Structures are given as C-alpha cells and as structure tokens.
Amino acid sequence: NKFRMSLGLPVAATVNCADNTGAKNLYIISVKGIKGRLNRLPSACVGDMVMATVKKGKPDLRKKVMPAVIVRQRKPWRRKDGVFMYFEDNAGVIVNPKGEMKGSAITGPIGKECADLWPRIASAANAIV
Amino acid sequence: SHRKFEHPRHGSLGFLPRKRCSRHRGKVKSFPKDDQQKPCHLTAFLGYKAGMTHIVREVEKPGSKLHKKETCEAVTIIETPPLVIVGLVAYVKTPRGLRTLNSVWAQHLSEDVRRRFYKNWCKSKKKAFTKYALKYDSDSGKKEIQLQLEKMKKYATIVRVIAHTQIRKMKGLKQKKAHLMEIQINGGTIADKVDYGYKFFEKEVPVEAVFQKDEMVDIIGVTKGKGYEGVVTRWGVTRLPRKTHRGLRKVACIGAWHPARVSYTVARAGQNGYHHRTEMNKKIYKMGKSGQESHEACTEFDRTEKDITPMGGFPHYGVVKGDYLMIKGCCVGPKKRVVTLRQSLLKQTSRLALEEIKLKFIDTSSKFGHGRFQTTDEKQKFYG
Amino acid sequence: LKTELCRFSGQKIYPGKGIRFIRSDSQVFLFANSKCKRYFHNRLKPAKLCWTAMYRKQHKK
RNA sequence: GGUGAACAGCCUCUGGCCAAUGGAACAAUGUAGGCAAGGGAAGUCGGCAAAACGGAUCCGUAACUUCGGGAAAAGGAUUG
RNA sequence: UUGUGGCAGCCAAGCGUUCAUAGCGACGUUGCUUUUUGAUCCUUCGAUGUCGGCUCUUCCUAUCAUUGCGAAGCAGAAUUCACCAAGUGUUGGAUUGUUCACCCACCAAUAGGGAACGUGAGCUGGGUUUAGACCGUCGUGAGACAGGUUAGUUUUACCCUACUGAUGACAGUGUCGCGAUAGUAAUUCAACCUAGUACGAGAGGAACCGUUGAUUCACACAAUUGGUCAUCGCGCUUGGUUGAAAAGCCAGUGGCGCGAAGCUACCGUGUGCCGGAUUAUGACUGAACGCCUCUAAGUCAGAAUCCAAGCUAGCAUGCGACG
Ligand SMILES: [Mg+2]
Ligand SMILES: [Mg+2]
Ligand SMILES: [Mg+2]
Ligand SMILES: [Mg+2]
Ligand SMILES: [Mg+2]
Ligand SMILES: [Mg+2]
Ligand SMILES: [Mg+2]
Ligand SMILES: [Mg+2]
Ligand SMILES: [Mg+2]
Ligand SMILES: [Mg+2]
Ligand SMILES: [Mg+2]
Ligand SMILES: [Mg+2]
Ligand SMILES: [Mg+2]
Ligand SMILES: [Mg+2]
Ligand SMILES: [Mg+2]
Ligand SMILES: [Mg+2]
Ligand SMILES: [Mg+2]
Ligand SMILES: [Mg+2]
Ligand SMILES: [Mg+2]
Ligand SMILES: [Mg+2]
Ligand SMILES: [Mg+2]
Ligand SMILES: [Mg+2]
Ligand SMILES: [Mg+2]
Ligand SMILES: [Mg+2]
Ligand SMILES: [Mg+2]
Ligand SMILES: [Mg+2]
Ligand SMILES: [Mg+2]
Ligand SMILES: [Mg+2]
C-alpha cells in the first residue's frame, strides 16, 4: 500500500478546494482511518480522505460535512527516493464516500501519491507530479 | 474516581533502572545456542562506531510499491579491525549456573592489551603476565599448559576465546589500551572448539570470518550520555500548561493518597542516557576488507574512485583505514564508541531476512556541513 | 550516475538529497540545500548572488 | 550635543561612579527574554500570555447619529 | 446499616406466526455490592484545605472492543446470549463552571469502576464559600433567599520516609565472567490475492495461508529535511562615537539574511522476540451401569493466558577463573 509520509493538516485546518465544483475553501474536521491518543489532533497528509465542511463557497454546498481528499500540502515530506518534496499551497478536492470525484477537473498539480492512491482523482488531474 | 480518559503509559518499565551503565564496553548477556553439527565458528566481534552516511539501492520486493524502485537509506559505518585471540576459557555447568573451569593465556601478549590490566600503566613495572609468560619456555610449564587443555577438552561444555581489538590501528581514537572480551565459540564438539581456539591463539581473526553479507546481526553498546535530565525529556510525559506556579515540566500527580508511597512506576527526574542496550535485526549491506576492491565505495553502477571515508573525514572519528561493516539503520552510542556485534538469536526467515542488498551509490559528501561534492579531486577540478 | 541540477545555484545534486518544491503553476524547482531554498522563497534573484553558477556563467567567469 | 514632532527612547561631552561578597562549572527544575517547520484557538471556563498592527505623506472612509461625532473607522499605496 | 441506587438468581402465566426456557420472562421470591442517596452521629471543630478540569500512576470485573470457544428463531453478512479471560485498548470536538447529559466525526471500540467521592506546600479558581454592587420575591425594617448576576490574596518544604538518579566501606589490587532475584513490552488495523468464490432463489456476500503497509507504544540514532544561534562566523543596516576613509565599538543579544557544529522532532530515521505448561472448549481409550459415557483411573488438542527464552539492574553486604 501507500507508505507513511509527514502529516501536515490538523483538524480546523483550512485548505483550498482545487476543483470545478464551485466550493472555494474546505475546512478539515476529521480524518478517515485515524485512531487517536489523548490530546492528539487528527492529522491529514497527501492522499488521506478527510471530512470537511465548506466555509466560503457556493451556497448549496455549505453547512454539511463532505468527504474530501487532500492533494497538496505545504509540509515537506521525504519520498522513498530521498527527495523532500512539497508544494506551495494546502489544497484538497471533494470526493464521494466511494472515492469518486464529485466535480470534473482539478486545477493544478496533485500529489503523486494522491493520484496513484485514488483512481479517479488521477484521471481528473491534469498534471501528476 | 476512575480516569476520565485513558492513554497508554509513558516510558517503558521493561528498561529500568536508568542509571549510568556500569560498563563502558557493551557486554553480551546471551550468545546464540550451540549447534554441534555446524563447523566451529565465532559468535560476536568488537567494532567501533565511525559515523553515518547513506545509500540508494534497487529494491527487489514483489508486492511493495518499492519494487524495481530506488530507495535512499541511512547506514552506519563500523570501523572494525581484526581481533587478536589471546586466550581461552572453559565453562562447566553446575546446579548454580556456569562456572569458569579454567583459562589459558597466550605466550606473547601485545603492548596495548596488557594496559587493560592497570589503572595507571605508565608508572607500573609492566609486570602483568611476565612470570606467567615463563610457563612456556620450560618443559614443565608446557606440560601443565597441555594439562589445562586436556582438562578443558575432557570436561567443558562451553568454550570461549578471549579476544582484544587492535585499538592502535585506529589512530582516530586517542586511546592506546585495548578492549577485551570473551566470544563464545559455536559448533563442533568441545574438543573441536578447544582445537579451534588453541590452534588460533595470538593470530588475528577478520570480521569476514565472523559475519557474512546480508546477514542480520545485533549491535550492543552503551548509549549517548545526556546528563541528569528531567521528566518531559527523560520519560516523555506531556508538559503542564503555561500558567502554573512553580514550573511546567513535571509530573503533576505522582500518585494517590494510598499507597502512601511513591510507586516505582511514576516518572521521576534523573539520569538520562549512557544506558546499556541491545538492538536486534540490523542488517549487513557490505563488509569493507582493507586490501580488496570491495573496500572503496565504487559500486557496480558508480565508479568514482573514492574510499568510504567522506570528505574531510568522519566528524569526531577520523578516516576509515581498516576493515568496516556497513549496516542498515542507526547504532547505539556516540561516535568513537565501541560496539559489540553479535550474531542473531532467531532463525532469520522472512523476505526481509533473505533480502539481498546491492547498492548503487554511497554518499561521501563531507558530513561536516552541507556537503556538495563526492571527492576532493572533484572539488578541486570544479574550482581550479 | 544520474545527477540533478539545482535551479537556484545551478550545481549538481547527487542521489538521495535535494528538496523539490512544486510551484502552483505546476513547474518543479529542485533546490540543493536549505540556503538556496530560503533565498528562493525570499525572492532573491540567482543571477545577482555572486556565488551562483548562473551569475558566473552570465558574467563569463 | 546627535536622531526625532519631543524633557519619548537609543549613543556622547561637563560632573559622578563601577558601591552592590568573590572563584569554578553549564545538570534538572526555576525567574526574565528570544526563535520555531505544517495548522492557527483544535488549548482553555475565558484568545489569559505572547504574536500581528503601529511614524509620516497621498487616496478612500460605512451603518448609525443629540447632526457636534463615528474617524486614526474600514481598505489601499509610498518610504533608503 | 442498605430502604433508595446499581448487579445476578429460582419458579414459570404468557410473548417468541405451531413451541414456557433461542432470546425473554409478568405474578412472587432469594440474594449480591457499597461509586449515589437515605439513616446514624462512632473519629475529627487549640482546622484533615471542601466541586470541577488539567497531569500521572496504579488497581477491579459486574467484558465494549481485541485472541480462542459454546448456543441461536446461526444459510452467507450482521446481530443477540453466555464461557476462561483484565494482557492491550477505550479518542478529537461544539454547549455547560459542571461529574452527569446531548450531539458531530473517526474508530476494532468510543464499557463501567476504586485508590480519603485518588490527585490545591501539583496547577487553575470557572463554580462555591466572606467583605463591594444589582435585580426578582419575602420583611414596615435592620435584612433573607437550597433564585439569577458581576468583581473578588491560593502562603512554607531546607526536616524524616518513599521515590528517581550519584559516590561508597566490608581478603591486597586488576581484568574476564556467573547469575539469585526484581522489572519486562509490545498493541491494533487495513489493502491486494483468496473472491465477487463458499452460502444464498435473488438481494447481498465471507474467512485461513501468503504478500505490503499502517496505527498506538517502547528504545535508540542525526546521514537526509526541519527547528535552534551570542560560533556575537560571515554579510547587510539604523542611531551614535572615535578630526576623516579603514577598523571598530556602544544599544544588557541593536536589527535583519544566511549560518556549520551540538542537541533535536512520528516534523526525520532504524529496530521491536524463538519453547513448553495450560484454561474455556472440543476430544481419545474406558469404567462404574453387559450399553452409553471427554472422567471416575489414564490421556489429547488447545488461547491477547501463564512460566520461561530474550531485554534491563545485578552491593545478593553472593560466587568462579586468572594475572
Ligand atoms: Mg485533552
Ligand atoms: Mg478521576
Ligand atoms: Mg478507565
Ligand atoms: Mg525520543
Ligand atoms: Mg498562579
Ligand atoms: Mg552534519
Ligand atoms: Mg538546517
Ligand atoms: Mg531637528
Ligand atoms: Mg530626549
Ligand atoms: Mg510555529
Ligand atoms: Mg478559544
Ligand atoms: Mg477541550
Ligand atoms: Mg473550544
Ligand atoms: Mg465553554
Ligand atoms: Mg492580553
Ligand atoms: Mg466604529
Ligand atoms: Mg441493597
Ligand atoms: Mg434495590
Ligand atoms: Mg458528625
Ligand atoms: Mg473540625
Ligand atoms: Mg494533609
Ligand atoms: Mg469473569
Ligand atoms: Mg498534597
Ligand atoms: Mg471567583
Ligand atoms: Mg459579597
Ligand atoms: Mg445571592
Ligand atoms: Mg520476574
Ligand atoms: Mg543544524
């Protein structure tokens, strides 16, 4: 499966919504598959599927939790190649529980270990890198 | 008054007490079991922790994402001059445990080991083993030596050899006196172990005899010393809020009103570091034997003629001129610390255990600072 | 071996090292170390820091 | 005296001092002061503490209002 | 003490589409427990610091999950009842000063409990519990409120012990060992293949082995990335000051950019364990009882269990070989 990479997005984080659904801004509230430990805030990385509400966006998307997938994070992370790769902005995309891209396209690069892990965000991405 | 919320314990109780180790050399507390059918061989060795570098290798692991992919790994270098076998011990089993049946020492003994027997060598008359050396220039002394050997052949169940490193072929240390230990022989019958030792007195055993490639070993040695260091650091307890009277970095409740005592399991402030530890399943990637083309860091892929020592020498240690091991992962103790390599105790069987390593590159850039070249001659040709 | 070339000092990265920043315009900068990366983020111009290979080849040194 | 709007702060001259028990070392915990990757109140009773803003020139300045205010509102730009 | 609170039995009228007992189980009844409260007033009023949260540890089983099992109104998936089990786990948050409660989300699970309703010379002082003040009802009033509101000091350890670490005397001194005993640490999940298979009319729909990672925890390490600066290392720069350039210096570290080294981080890395005894249960041979029978005698398989193996200390005022 996927390897382990630096966790960068705690809860209450606020990420760009990099797709053509209309939402401008996701808001991380909780992460799939995470088991906690006293006081430890759940954290997301590239490829982790989170729950997120929209705080600034289309009126008909707001006020409801929705599965997102993080595609870009600014915290560095060490590849299994040696290189510490990262991005310029925190950003994720809406998905449905079965991992489908709700929208149609993703604006900009997406994490390589995000596209390879989600079979549809890979096709909706324009440039994997 | 249960706990509102649980959380797993801080610190392990399986590693107490935490005092200074009473031994600078990492002692072995158990040796691999004897298998009389395998031919006689050793089961430990002494190396010295030189420093760390990294590699990139080509993974062979079906089912992993890393398969046919290059991975970058840290590895630690152990400069590892051949031991000298200068003794022989027999151990005989009792209802109590093991007793030392008897012991035999070599006729010539190096200048540097016989310093191991003094707390003040220079002012001493150096007489250690002088009147014992003379048990080899007479018929009666030779007689009683062979009598000691027949005693050990005829009773002993466990045979061990006293070996010391040649500390002096590592000029990097400023240390003249040797380190010395028993390595327990394995395999063969007891007469074959005694033969293997006595045949091989006073001669040097190279680390290729002890270990092989790709084999997992354990490394045993004393950690770094970090001084008298408090609870948040030593035990890992979370810190208290900023706004507390009389300090933050402490355990708030050190126990209930009853028992009216402080438990051994509460976290207290005391010595951190310089402990004894064994850390198993560290793999072998490469043995560098001084005097063969395996010693330089030229793989079959890279060919830049460089030795293992990084530019400007290993920090705090110097330049590796001897034999060496190159093991995956970290190593206990700071630089210049002696580490006991010991054969594993399990039956290594996994795909990781069987996995064969072949490098493609060894970082050699000066580990002192952000290194950027491989070799002095390349830095020179780059500048002019 | 396969070398890389840093895009702020124009010097050659060796395997197992180097920090690749992936800018939102989808283009890849491969810094060499901390110093190059911090000058890049501070928006310094490589061609006018004296120690860079781009400066040096520009002025033909 | 200098900088500065200035009896602000920061440095200097006249004048006055080095009086506050000293020596060695850099362990925890403290007290006073800093800095931190990704996130930015999720900590907490409570944004307590700290950070961010701050001078000046130019522009622009809303609801409300006792029509006097709000007002340095907000939001911008420049500075050697 | 145990009415009250919680927890478990016996009986079996009925529910459970036919069928008291798969799962219930009314009418009665037998208890257990001592986290509530009631009752008492035995100790404490020349003072035992009084709610809660934070922190940290230990312990209990009346077991929520996890390991092995038994039963079913068990076809598969799920689920319900019970068994040995307390080894491991039990979360982030909105609201409330709250324990309690209630929601959102993740999760294998968000079970319940004690330790002077654990824990104030450990914090906090939100609540409460003085003096200020306000409202509402009562009082003619001084005032009252088990009504709501707002502001309201948190003192000492240097003593003994416990504990965590540090030296150390007791056959001269030094190496190399033994190992009594004490501690003990590993936990969990997912993905692929099995498999859209077994089962099932269809709907749905598994698991073992294997392979790859991951969670929680532990112990180390610093090559790589990140963090750190008073290397006052280099540079830039404000105000001043040395007739001036050069070189500095003063502003308790003047300020900024970078900054090796050292330390360091699930923010980086590496590793984490092998035999036997056995429980629950299923059984073998075989009686008592010509048959049957896992039990009476004798045996077997058997688990996150246990004890070792391993790992840590080994002044146990213990011991061995040798110089
Ligand atoms: Mg908490
Ligand atoms: Mg409690
Ligand atoms: Mg609990
Ligand atoms: Mg640590
Ligand atoms: Mg206080
Ligand atoms: Mg270095
Ligand atoms: Mg750095
Ligand atoms: Mg003026
Ligand atoms: Mg003034
Ligand atoms: Mg920060
Ligand atoms: Mg808040
Ligand atoms: Mg909270
Ligand atoms: Mg809050
Ligand atoms: Mg609140
Ligand atoms: Mg404030
Ligand atoms: Mg206003
Ligand atoms: Mg009762
Ligand atoms: Mg009752
Ligand atoms: Mg009373
Ligand atoms: Mg009293
Ligand atoms: Mg008291
Ligand atoms: Mg029980
Ligand atoms: Mg107390
Ligand atoms: Mg108050
Ligand atoms: Mg009052
Ligand atoms: Mg009142
Ligand atoms: Mg024990
Ligand atoms: Mg550094």
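Don't worry about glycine lacking a Cβ; one is built from the backbone with ideal geometry, like all the others, and counts go over all protein chains shown. Taken together, the values in this text are just the output of simple stated rules run on the coordinates, not laboratory data.
When B:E73, B:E58 are checked against the criterion of being surrounded by 16 or more Cβ atoms within 10 Å (Cβ to Cβ), among the charged types (D, E, K, R), within 14 Å of chain A (Cβ to nearest Cβ) and over 29 Å from B:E150 (Cα atoms), B:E73 stands alone in meeting it.
So for the range A:112-121 (the condition being in a loop (DSSP other than H, G, I, E, B) and within 14 Å of chain B (Cβ to nearest Cβ)), does at least one residue qualify? Within the range A:112-121, one or more residues are in a loop (DSSP other than H, G, I, E, B) and within 14 Å of chain B (Cβ to nearest Cβ). Condition (residue is surrounded by fewer than 15 Cβ atoms within 10 Å (Cβ to Cβ) and away from RNA strand D (no atom under 16 Å from the Cβ)) applied to the range B:334-342: is it met by at least one residue? So far as the range B:334-342 goes, no, none of its residues is surrounded by fewer than 15 Cβ atoms within 10 Å (Cβ to Cβ) and away from RNA strand D (no atom under 16 Å from the Cβ). Here is the figure for the range B:30-51: residues that are farther than 16 Å from B:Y91 by Cβ and out of contact with any strand residue (DSSP E or B) (no Cβ under 8 Å at 6 or more places or on another chain) total 2. For first residues located in the range B:357-368 and closer than 16 Å to B:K68 by Cα and more than 9 Å from chain C (Cβ to nearest Cβ), partners that are acidic (D, E) and in a loop (DSSP other than H, G, I, E, B) and lie 6+ apart or on another chain with Cβ distances below 6 Å form the pairs B:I357/B:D214.
Filtered by the rule that a residue be in contact (Cβ under 8 Å) with a residue 12 or more places away in the chain and of a type in the set (S, T, Y), the range C:4-30 gives C:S9, C:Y14. Of all the criteria given as (1) acidic (D, E); (2) surrounded by fewer than 14 Cβ atoms within 10 Å (Cβ to Cβ); (3) more than 26 Å from the chain's Cα centre (by Cα), the one not satisfied by B:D35 is (3). Screening A:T53 with (1) touching a residue at least 40 places away in the same chain (Cβ under 8 Å); (2) surrounded by 18 or more Cβ atoms within 10 Å (Cβ to Cβ); (3) farther than 25 Å from A:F3 by Cα gives one miss only, at (1). Would you point out which residue out of C:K37, C:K61, C:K57 is more than 7 Å from every other protein chain (Cβ to nearest Cβ) and farther than 20 Å from B:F373 by Cα? Criteria check complete, one pass: C:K61. Scanning the range B:326-361 for residues that are in contact with a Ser or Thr (Cβ under 6 Å, 6 or more places away or on another chain) and more than 30 Å from B:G227 (Cβ to Cβ) yields B:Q343, B:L359, B:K360. Is at least one residue of the range C:16-28 surrounded by fewer than 16 Cβ atoms within 10 Å (Cβ to Cβ), under 12 Å from the mean Cα position of the chain (by Cα) and either within 14 Å of chain A (Cβ to nearest Cβ) or among the polar types (S, T, N, Q) (or both)? Yes, because at least one residue in the range C:16-28 is surrounded by fewer than 16 Cβ atoms within 10 Å (Cβ to Cβ), under 12 Å from the mean Cα position of the chain (by Cα) and either within 14 Å of chain A (Cβ to nearest Cβ) or among the polar types (S, T, N, Q) (or both).
Quick test for you: out of C:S24, C:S9, pick the one residue that is in contact with a strand residue (DSSP E or B) (Cβ under 6 Å, 6 or more places away or on another chain) and outside any strand (DSSP E or B). Write out each step before concluding.
Details: C:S9 fails: in contact with a strand residue (DSSP E or B) (Cβ under 6 Å, 6 or more places away or on another chain).
Being in contact with a strand residue (DSSP E or B) (Cβ under 6 Å, 6 or more places away or on another chain) and outside any strand (DSSP E or B) holds for just one of C:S24, C:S9, which is C:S24.
Can you pull out the residues in the range B:291-318 that are more than 14 Å from chain C (Cβ to nearest Cβ), part of a loop (DSSP other than H, G, I, E, B) and either buried (at least 17 other Cβ atoms within 10 Å of the Cβ) or within 16 Å of RNA strand D (Cβ to nearest atom) (or both)? Correct list: B:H295, B:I308, B:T309, B:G313, B:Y317.
May I ask you to verify whether B:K176 is surrounded by fewer than 16 Cβ atoms within 10 Å (Cβ to Cβ), of a type in the set (D, E, K, R), in contact (Cβ under 8 Å) with a residue 60 or more places away in the chain and within 25 Å of B:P81 (Cα to Cα)?
Criteria met by B:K176.
Screening B:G63 against (1) in a loop (DSSP other than H, G, I, E, B); (2) within 30 Å of B:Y324 (Cα to Cα) leaves a single unmet condition, (2).
Evaluated against (1) within 26 Å of the chain's Cα centre (by Cα); (2) outside any strand (DSSP E or B), B:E182 falls short on exactly one condition, (2). Check the range A:1-21 and report whether any residue there is touching a residue at least 60 places away in the same chain (Cβ under 8 Å), more than 8 Å from RNA strand D (Cβ to nearest atom), more than 22 Å from A:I106 (Cβ to Cβ) and within 12 Å of another protein chain (Cβ to nearest Cβ). Checked against the condition, which is being touching a residue at least 60 places away in the same chain (Cβ under 8 Å), more than 8 Å from RNA strand D (Cβ to nearest atom), more than 22 Å from A:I106 (Cβ to Cβ) and within 12 Å of another protein chain (Cβ to nearest Cβ), the range A:1-21 yields at least one hit. Being more than 16 Å from ligand 5 (Cβ to nearest atom) and either surrounded by 14 or more Cβ atoms within 10 Å (Cβ to Cβ) or among the basic types (K, R) (or both) is a property that A:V65 lacks. Could you tell me which of the residues B:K38, B:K49 is more than 6 Å from RNA strand E (Cβ to nearest atom), away from chain A (no Cβ under 14 Å) and under 30 Å from B:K321 (Cβ atoms)? Within the list B:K38, B:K49, the selection yields B:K49. B:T43 falls short on exactly one of the conditions (1) touching a helix residue (DSSP H, G or I) at 6+ places or on another chain (Cβ under 9 Å); (2) within 16 Å of RNA strand D (Cβ to nearest atom), and that condition is (2).
How many residues are in a strand (DSSP E or B) and in contact with a helix residue (DSSP H, G or I) (Cβ under 9 Å, 6 or more places away or on another chain) if we restrict to the range B:256-290? Here the count works out to 8. For the range B:291-312, a tally of residues being within 23 Å of the chain's Cα centre (by Cα) and touching a residue at least 60 places away in the same chain (Cβ under 8 Å) returns 3.
From the residues in the range B:211-255 that are outside any loop (DSSP other than H, G, I, E, B) and of a type in the set (K, R), which one is nearest to the other protein chains (Cβ to nearest Cβ)?
Once the filter is applied, the top-ranked residue is B:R234.
Of the conditions (1) part of a helix (DSSP H, G or I); (2) of a type outside the set (S, T, Y); (3) touching a helix residue (DSSP H, G or I) at 6+ places or on another chain (Cβ under 8 Å), C:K37 satisfies every one except a single condition; which number is it? So C:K37 meets the others, but not (3). For the range C:14-23, the condition holds for at least one residue, the condition being that it is more than 20 Å from B:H370 (Cα to Cα) and out of contact with any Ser or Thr (no Cβ under 6 Å at 6 or more places or on another chain).
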